[PDB]
Amino acid sequence: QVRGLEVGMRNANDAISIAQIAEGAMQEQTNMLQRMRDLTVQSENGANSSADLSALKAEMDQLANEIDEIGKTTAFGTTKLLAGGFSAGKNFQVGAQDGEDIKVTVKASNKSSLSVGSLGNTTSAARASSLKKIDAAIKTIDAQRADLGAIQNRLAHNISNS
Amino acid sequence: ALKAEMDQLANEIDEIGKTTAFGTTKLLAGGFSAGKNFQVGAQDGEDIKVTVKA
Amino acid sequence: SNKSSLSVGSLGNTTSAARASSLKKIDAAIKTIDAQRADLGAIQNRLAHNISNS
Amino acid sequence: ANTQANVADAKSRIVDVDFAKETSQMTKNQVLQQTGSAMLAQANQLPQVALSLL
Amino acid sequence: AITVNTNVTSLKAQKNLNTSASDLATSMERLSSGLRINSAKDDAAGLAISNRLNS
Amino acid sequence: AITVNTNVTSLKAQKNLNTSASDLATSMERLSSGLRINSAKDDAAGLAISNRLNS
């Protein structure tokens, strides 16, 4: 029992590490989505012309490319975290006996699953649609970060008890 | 969000309830609800009862 | 007592069920060695008393 | 920069030593060395009962 | 008992010292950043409310 | 844990201090110049709109 509790605390700290890396990656994605929201609100200006709209949209596309890059690049050593490999969670045995374990779940977050990979700003309806999808993406990232934070709190209590 | 964290905390309360053991015997699951006796003297009947509920 | 009679000579760890099975068989092996050591200890105590009486 | 900080934390959890634990182990083994030295020095004097019988 | 092989007072002192060090590191981070909520470990509902107010 | 070989609080403090220094330098430049848009890093569509108004 003593030896198993030692190894289980090691596994619990591994789980905290994974969750902390993924949660930190999602913050830059939130930041870039806020920037795109400002660009979209700026597109609704009856003094812009087609060249100004093209400049605004070029920066939107670069931001969506960086959201996708963060989505595919984040890793723990060589295993990817935000691409869908944890969509059905992985178990970490945090105790000495079989079945005493905690599940860590992360879903994919990139410009394709967030539905921000094809936004337009050249028409009034296109701007309205882009605003709604950016707001929805911000909401889903908030929900994912909430679940990862709950997992970290739980693992802290469990290590203390062990 | 608030309720998701409440549910995780209730899950950890349940885990501590089912996991606590002395070697391999469980302590907080109801096996000591009617206590167990330890003979603390040299003669029969000189003993103390330890009771733990689930 | 060897890896064939203790059933620990073919353990795997590549799948969840394989890990569960390996855990159970290692625990069982520890139990059987404990029982053998218990009987040998009883024999030694008995032989000590017998030599004293002789 | 964020990811570098988190990954260095993760690696430190695996590779680095704990001073609070390791100093305790060191002191325990120091005391055991002194005790075992004393006990071996006392053990090498057992064949001298024969000189008394002789 | 007077034993050499196991020391429980040391184990408990280690755990208290670790708890104190963790708390101090958290406080240092919060003073360096200027923010109360640096992650969702801190406050999860406030994170989302503040994202909306920021928008 | 009490470790000597890696210090994470220092890493995070370094990053916060660098962010603050960058922001201060940007503000100093903007006050010295008198302009909000010194590059296209700042506002790209406003740059072109202002070039046309300048013409």
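In this analysis, Cβ positions are derived from the backbone assuming ideal geometry, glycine residues included, and neighbour counts consider all displayed protein chains. Read-outs throughout are calculated quantities, based only on the coordinates presented, and are distinct from any laboratory measurement.
Residues of the range A:96-116 that are part of a loop (DSSP other than H, G, I, E, B) and under 24 Å from A:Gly71 (Cα atoms): A:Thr105, A:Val106, A:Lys107, A:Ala108, A:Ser109, A:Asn110, A:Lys111, A:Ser112, A:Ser113, A:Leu114, A:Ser115, A:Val116. Does C:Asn50 satisfy being loosely packed, with under 10 Cβ neighbours inside 10 Å, at negative phi and part of a helix (DSSP H, G or I)? Yes; evaluated as a whole, the condition is true for this residue. Yes or no: A:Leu114 more than 14 Å from chain F (Cβ to nearest Cβ) and not acidic (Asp, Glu)? Spelling it out, A:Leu114 is indeed more than 14 Å from chain F (Cβ to nearest Cβ) and not acidic (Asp, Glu).
Scanning the range E:8-35 for residues that are within 14 Å of chain A (Cβ to nearest Cβ) and either assigned to a loop (DSSP other than H, G, I, E, B) or closer than 30 Å to A:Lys139 by Cβ (or both) yields E:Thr26, E:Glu29, E:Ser33, E:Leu35.
Is it the case, given these coordinates, that F:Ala13 is within 11 Å of the chain's Cα centre (by Cα) and without any contact (Cβ under 8 Å) to a residue 40 or more places away in the chain?
no
Filtering the range A:78-90 down to residues that are part of a strand (DSSP E or B) and without any contact (Cβ under 8 Å) to a residue 12 or more places away in the chain, which residue is farthest from C:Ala20 (Cα to Cα)? Let's see the steps before the verdict.
Narrowing the range A:78-90 to residues part of a strand (DSSP E or B): A:79-80, A:90.
Those still in the list that are without any contact (Cβ under 8 Å) to a residue 12 or more places away in the chain too: A:79-80.
Numbers: A:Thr79: 24, A:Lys80: 26 Å.
Applying the filter and picking the extreme gives A:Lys80.
If you check A:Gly95 against the conditions, is it surrounded by fewer than 14 Cβ atoms within 10 Å (Cβ to Cβ), within 30 Å of B:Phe22 (Cβ to Cβ) and within 13 Å of another protein chain (Cβ to nearest Cβ)?
Taking the combined requirement at face value, the residue does not satisfy it.
The C-beta contact set for the range F:19-44 (first residue under 27 Å from A:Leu53 (Cα atoms), second residue surrounded by 10 or more Cβ atoms within 10 Å (Cβ to Cβ) and small (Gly, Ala, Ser), distance under 8 angstrom, 6+ apart or interchain) comprises F:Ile37/F:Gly46; F:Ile37/F:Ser50; F:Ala44/A:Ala55; F:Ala44/A:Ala58. Looking only at the range A:64-87, residues that are surrounded by 18 or more Cβ atoms within 10 Å (Cβ to Cβ) and within 14 Å of chain D (Cβ to nearest Cβ) come to 5 in all. Only residues that are within 12 Å of chain A (Cβ to nearest Cβ) and farther than 30 Å from A:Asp142 by Cα were counted in the range B:1-27, giving 10. When the test is whether a residue is aliphatic (A, V, I, L, M), within 17 Å of the chain's Cα centre (by Cα) and surrounded by fewer than 13 Cβ atoms within 10 Å (Cβ to Cβ), F:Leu53 does not pass it. Quick one: in the range A:91-113, of everything that is without any contact (Cβ under 8 Å) to a residue 60 or more places away in the chain and under 30 Å from A:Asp135 (Cα atoms), which residue is farthest from the chain's Cα centre (by Cα)? It comes out as A:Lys103. If you go through the range A:117-141 and pick out every residue that is touching a residue at least 40 places away in the same chain (Cβ under 8 Å) and either part of a loop (DSSP other than H, G, I, E, B) or within 13 Å of another protein chain (Cβ to nearest Cβ) (or both), you end up with 11.
Inclusion of A:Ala64 among residues that are in contact with a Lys or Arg (Cβ under 7 Å, 6 or more places away or on another chain) and over 18 Å from A:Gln20 (Cβ atoms) is warranted.
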